[PDB]
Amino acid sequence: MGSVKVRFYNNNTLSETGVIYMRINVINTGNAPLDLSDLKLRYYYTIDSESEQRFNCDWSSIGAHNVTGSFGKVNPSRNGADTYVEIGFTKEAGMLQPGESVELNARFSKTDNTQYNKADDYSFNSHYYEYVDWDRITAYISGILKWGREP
C-alpha cells in the first residue's frame, strides 16, 4: 500500500523504570499518499513482570488523541520479545503525502507500578538523543509489512 521509514529517538534511561518512552517519526518514502489510519507500528520487548499495561500519547504532529495504542503477545516468545505495543492512528489523523512525516511522543507503563528492564528489549536501541533509522520497530500499511524486521 506504499513505502515508509521509521526513525526512533531514544530518550530512555538504562536504569529500571516504570515507563518506556517512544519518540517516533515515520516518513512517507514512497510515491503514493498514505492514510495514517492504515499505518501500524510495533515496538517489541519483554514485559519483565506480568501486569496490565497502559499506553499514552503525550504529543503528536497530528494530535495526541489521534494516536492509538494496544498490546499483543509474541508467541512463541522470541529473544527480547514476549510482548509488543502497537501504535496506530484514528480515521481523522489524515494523510501523509510523499515526503511528509508523522511524529509522536508516547509511552507505556504497568498499572501495578512495577518496573521494566529496558536494556534486554528487542526494539530498544543504544543511540540516545538522536533520531536514527531503526529497523527493530516494524511498520505495516493495511496489514502489509513495509519497514523493519519482525523478531
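Numbering starts at 1 and runs along the sequence shown.
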For this session: Higher average CA B factor in the deposited record is what I'm after, so tell me if that's 35-43 or 87-95.
Result: 87-95
Exercise. On average, which has the higher Cα B-factor in the deposited entry, 99-107 or 122-130?
Worked result: 122-130
Seminar exercise, completed: Note to self: of 142, 12, 138, 25, the C-alpha temperature factor tops out at 12
Exercise. Based on what the PDB entry reports, which of 66, 115, 51, 61 has the top C-alpha B-factor?
Worked result: 115
For this session: Looking at the entry's B-factor column for C-alpha atoms only, identify whether residue 151 ranks in the lowest, middle or highest third of its chain.
Result: middle
For this session: Report the third (lowest, middle or highest) to which the CA temperature factor of residue 70 belongs, ranking only the modelled residues of the same chain.
Result: lowest
